[PDB]
Amino acid sequence: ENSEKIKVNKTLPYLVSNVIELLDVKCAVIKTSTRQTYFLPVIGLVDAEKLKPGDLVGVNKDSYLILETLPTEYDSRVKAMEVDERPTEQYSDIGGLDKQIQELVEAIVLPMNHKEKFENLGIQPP
Amino acid sequence: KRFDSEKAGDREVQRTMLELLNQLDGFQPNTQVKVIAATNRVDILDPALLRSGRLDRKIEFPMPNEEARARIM
Amino acid sequence: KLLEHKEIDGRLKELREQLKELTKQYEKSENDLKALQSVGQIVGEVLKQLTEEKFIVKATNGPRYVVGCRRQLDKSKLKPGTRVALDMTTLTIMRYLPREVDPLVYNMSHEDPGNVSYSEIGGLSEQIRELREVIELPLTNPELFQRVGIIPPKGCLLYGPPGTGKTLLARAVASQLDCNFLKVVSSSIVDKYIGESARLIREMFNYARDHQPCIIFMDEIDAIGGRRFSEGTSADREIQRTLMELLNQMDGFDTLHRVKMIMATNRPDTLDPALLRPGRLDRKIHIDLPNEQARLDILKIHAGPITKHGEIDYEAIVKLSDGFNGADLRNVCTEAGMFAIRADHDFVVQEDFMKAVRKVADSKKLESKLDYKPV
Ligand SMILES: Nc1ncnc2c1ncn2[C@@H]1O[C@H](COP(=O)(O)OP(=O)(O)OP(=O)(O)O)[C@@H](O)[C@H]1O
Ligand SMILES: [Mg+2]
Ligand SMILES: [Mg+2]
């Protein structure tokens, strides 16, 4: 069977579609990325509970059928705003702003490393 | 700042702010994403964006007085 | 003999058990192979019944087709508008389907994990009683209002200064009550497509109409609301249409029964003078900045769960906090801990609470204290 099972997946090109309604009359209704809706009677090679309405799922190009659950997608613009090369500017580089640098490190950095402290006093971090 | 008017206006940008407002603190108590904002004109900001639930610790950054200019150099 | 293979039987049993489990997975795999031969089906809605074996169906992607019907499928539930799945090669109805629920609408309902109680929204006591008079009372004892002869109000607008209790109050009813409660950002329902923005509102009420006792809490409404510019912009007449759809499904040719709406806004003046008309948003609650009595009530709730020590005086904070809407009062509590956390104190005192009351008041002068009431 595995040889035949891979044969359908061996057609690597999938058609990304978003699950619209996981009807239980354990079926699924999908909306391929071509503005076409469908009523896959059998979910396919994926669990009937791992699929929640709105998830991204790949579909066989010719016989539409769910084969995998792709990871959630984010706009290309939003991914380019995550810094990977950390800037090199120590706190000693900033001058004069001593009463303000501390006030920030204790509201955006400290509450991120000493969660045991706020929960001990029961104050939601700012 | 939001702006009431007839005969044309600008609400396309206002929706983005309105989505920022609710995402920061609305119908969901997200407590792991910390928001830092930078601005050099606070008079123009919408009063809704300067609440306590939204950006909370409003720091004032003043010009160097007479010693910050020594360390700054 | 006396022993025989009784002792040797242990090895055989262990080997068989391990191999037996392997064959179990083979049955599971066969199930998947039985699903690779099932193809999808185009989805469209029936328009008319030309004859017994001929139907007019429009696939919800493209053109209109005249297609047949499967013999077994009954030909009495295929009324106009019924969603029907069609075969891929020879278009023929093979199943009648329930009305679809847009995934956005599904995400618009199963939302709230907060579970906020009525005991947390202090200060607003009369407001809650007024709001519960148009959400709970008409949906539990309808026979009362059939006595007098009035029809219970449909809408509700919760306006006020930016920081009083509006969303907190709305979430309160969201955690309470036993009726469907749609929560919408009021700005996540607009997309760039030509008609998708309007369609999300037709489904929102269609789902509400299908599921009775439902409350549609549209959040900040200055986004999809507006004043209907004359001489607007290209991508601003479109948002206008969406308002004209949310507007017409409130009070139009088909009165909406047993679906109440709650709307909130921090600037109830930019709203079109059609959304504010009585009949659509009948009652207009005016959640305001807490008064002297309320202000004290606010502090206890958020200052309660604090590792305090000493005669923490809540009377002192209230007099010095005028205009503290609803969060800097909670900011006062949280900021106070910040002063306490400095000095390495698991120890909150009254002075820290006072030391945070001014630090919040100082950071409030840069706001623009404007009333901005509806008209
Ligand atoms: N009566 C009250 N009791 C407790 N907390 C309150 C009260 N009034 C206001 N708050 C505080 O207000 C905060 C935010 O309230 P909420 O977001 O509902 O107000 P809002 O800014 O008017 O809302 P929105 O901008 O979403 O229309 C909450 O975290 C809560 O602590
Ligand atoms: Mg608000
Ligand atoms: Mg209308």
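Residues numbered from 1 in each chain as written, not as in the entry; some residues may be left out. Chains lettered and ligands numbered in written order. Part of a larger assembly, values for the part shown. Heavy atoms only, no water. Residues with missing side-chain atoms left out of burial classes, pairs and counts.

In its metadata, the entry names cryo-EM as the structure determination method and reports 2.9 Å as the resolution.

### With respect to the overall build of chain C
Helices and strands together make up the secondary structure of chain C, namely 11 helices and 10 strands. The C-alpha radius of gyration computed for chain C amounts to 30 Å, which surpasses the reference 21 Å derived for 375 residues by more than 25%, pointing to a less compact arrangement than a globule. Along the longest, intermediate and shortest principal axes, the C-alpha atoms of chain C span 85 × 85 × 50 Å. Counting only contacts in chain C whose residues sit at least 6 apart along the sequence, the fraction spanning at least 24 positions is 68%. (Helix = DSSP H or I, 4+ residues; strand = E, 2+ residues; numbered from the N terminus. Rg over C-alpha atoms; globule rule 2.2 N^0.38 Å. Contact = heavy atoms within 4.5 Å.)

### A word on the site of ligand 1
Around ligand 1, the structure places 17 residues, and the nearest of them are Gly122, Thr164, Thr167, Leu168 and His302 of chain C. Surrounding ligand 1 is a set of residues that belongs to chains B and C. Backbone polar atom of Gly326 of chain C to a nitrogen atom of ligand 1: 3.0 Å apart, as the coordinates give it. Contact with the protein chains removes 94% of the 650 Å² of surface that ligand 1 exposes when unbound. Only α5 (167-175) and α8 (292-303) of chain C provide two or more residues apiece to the shell around ligand 1. If one sorts the elements of the shell around ligand 1 by residue count, α8 of chain C sits on top with 3 residues. A per-class count over the shell around ligand 1 returns 5 nonpolar, 8 polar and 4 charged. (Near = heavy atom within 4 Å. Polar contact = N/O pair within 3.5 Å; in protein donor to acceptor, adjacent residues only side chain to side chain. Areas by Shrake-Rupley, 256 points an atom, 1.4 Å probe, with all protein chains shown as cover. Nonpolar A, V, L, I, M, F, W, Y, C, P; charged D, E, K, R; others polar.)

### Brief notes about the interface of chain A and chain B
A common way to report how large an interface is uses the accessible area buried once the components associate. With 12 residues of chain A at the interface, the matching set in chain B holds 12 residues. Between chain A and chain B, roughly 1,200 Å² of surface is buried when both sides are summed, and carbon and sulfur atoms account for 65% of that area. Counting the surface chain A buries against chain B, the share from its top three residues, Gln100, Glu103 and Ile108 of chain A, is 38%. Of the charged contacts, one joins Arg57 of chain B and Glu103 of chain A as a salt bridge, the two residues approaching to 2.6 Å between their closest N and O atoms. Our enumeration of links across chain A and chain B arrives at 3 residue pairs in polar contact. Partitioned by chemical class, the residues of the side of chain A that touches chain B number 7 nonpolar, 3 polar and 2 charged. (Buried area = accessible area lost by both parts, 1.4 Å probe. Salt bridge = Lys/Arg side-chain N within 4 Å of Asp/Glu carboxyl O.)

### Remarks on the pairing of strand β2 (residues 29-32) of chain A
All names here are of chain A. Strand direction decides the pairing type here: strand β1 (residues 17-21) and β2, joined by 4 bridges, are antiparallel. When the sheet's bridge partners are listed, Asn18 is paired in β2 with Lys31. Relative to strand β3 (residues 36-38), β2 is paired through 3 bridges, and the arrangement is antiparallel. By the bridge assignment, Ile30 is partnered in β3 with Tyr38. (Pairing = 2+ DSSP bridges.)

### Digging into the interface of chain B and chain C
Taken residue by residue, the interface counts 27 residues in chain B and 46 residues in chain C. Of all residues in chain B, the largest losses of buried area upon contact with chain C belong to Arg11, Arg15 and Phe27 of chain B, amounting jointly to 27% of the total for that side. One salt bridge connects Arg57 of chain B with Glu335 of chain C, and the closest N-O pair in it is separated by 2.3 Å. Taken together, chain B and chain C are joined by 7 residue pairs in polar contact.

### Section: the packing of aromatic side chains
Under the criterion given, the structure shown has 3 aromatic pairs over all chains. A centroid spacing of 4.5 Å and a plane angle of 55° characterise the contact between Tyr38 of chain A and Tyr64 of chain A, whose relative ring orientation is tilted. Of this pair, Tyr38 of chain A sits in strand β3 while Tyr64 of chain A is found in the loop between β4 (56-59) and β5 (66-68), placing the two residues 26 residues apart along the sequence. With centroids separated by 6.2 Å and ring planes inclined at 40°, the aromatic side chains of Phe181 of chain C and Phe217 of chain C adopt a geometry described as tilted. Placement of the pair is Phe181 of chain C in strand β7 (residues 180-184) and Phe217 of chain C in strand β8 (residues 214-218), with a sequence separation of 36 residues. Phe217 of chain C matches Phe181 of chain C in its accessibility class, with the two residues each being buried. Through pairs of rings, three or more aromatic residues link up here, namely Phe27 of chain B together with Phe181 and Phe217 of chain C. (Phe/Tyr/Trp six-rings, centres within 6.5 Å; stacked < 30°, edge-to-face > 60°. Buried < 20%, exposed > 50% of the residue type's maximum accessible area, 1.4 Å probe, protein only.)

### Points about the side chain of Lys5 of chain A
For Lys5 of chain A, the position within the fold is in helix α1 (residues 2-10). Despite its burial, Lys5 of chain A pairs with no opposite charge; the closest candidate is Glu1 of chain A, at 5.5 Å N-O. (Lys, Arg positive; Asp, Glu negative; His and termini not counted.)

### Some details on the pattern of salt bridges
Throughout the structure, instances matching the rule amount to 29 salt bridges over all chains. Notably, a salt bridge pairs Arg227 of chain C with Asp4 of chain B, separated by 3.6 Å at the nearest N-O pair. Here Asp4 of chain B lies in the segment before α1 (12-24) and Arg227 of chain C lies in the loop between β8 and α7 (237-248), a pairing that spans two chains. The residue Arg83 of chain C makes a salt bridge to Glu100 of chain C at a minimum N-O spacing of 3.3 Å. Residue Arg83 of chain C is located in strand β4 (residues 83-86), and its partner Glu100 of chain C is located in the loop between β5 (92-97) and α2 (103-109); the two are separated by 17 residues in the primary sequence. Through salt bridges with shared partners, a single network forms among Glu103 and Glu106 of chain A, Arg57 of chain B together with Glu335, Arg342 and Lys359 of chain C.

### Side note on the sheet that holds strand β9 (residues 259-265) of chain C
All names here are of chain C. Spatial strand order, β7-β8-β9-β6-β10: 5 strands in an open sheet with parallel pairing. Lying at the two open borders of the sheet, with one neighbouring strand each, are β7 and β10 (283-286). Averaged over all neighbouring strand pairs, the angle between strand axes comes to 15°, with direction disregarded. Taken together, the 5 bridges between β7 and β8 define a ladder with parallel strand orientation. Bridged to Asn180 within β8 is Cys214. (Axes fitted to C-alpha atoms, helices over the stretch in contact; angles between N-to-C directions.)

### Some thoughts on helix α10 (residues 328-341) of chain C
Residue and element names in this part refer to chain C. Spanning 14 residues, α10 covers 18 Å between terminal C-alpha atoms, matching the ideal 20 Å at 1.5 Å per step. In terms of residue burial, α10 counts as a mostly covered element, since 13 of its 14 residues are buried. One or two residues past the end of α10 sits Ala343, with phi positive at roughly 80°. (Expected span 1.5 Å × (residues − 1).)

### What to know about the state of the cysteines
In this structure the tally under the stated criterion is 0 disulfides over all chains. Looking at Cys69 of chain C, it has no disulfide partner, and the nearest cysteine sulfur is the one in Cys27 of chain A, 19 Å off. Taking relative accessible area as the criterion, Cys69 of chain C reaches 7% and is therefore assigned buried. Distance from the sulfur of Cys214 of chain C, which forms no disulfide, to the nearest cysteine sulfur (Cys179 of chain C) is 8.1 Å. (Disulfide = S-S within 2.5 Å.)

### Remarks on the packing of α10 of chain C against helix α11 (residues 350-362) of chain C
Packed helices, taken two at a time, are described by the angle between their axes plus the distance between the axes. All names here are of chain C. Two elements in contact, α10 and α11, have axes separated by 8 Å at closest approach and are oriented at 125°. When the axis of α10 is compared with that of α11, the two are oblique. Every pair of crossing elements has a handedness; the one defined by α10 and α11 is right-handed. Together, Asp328, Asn331, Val332, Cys333, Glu335, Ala336, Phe339 and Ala340 of α10 and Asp352, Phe353, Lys355, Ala356, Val357, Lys359 and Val360 of α11 make up the contact between the two elements. (Parallel < 35°, antiparallel > 145°, perpendicular 65-115°, else oblique. Left-handed = near helix turned anticlockwise from the far one by under 90°.)

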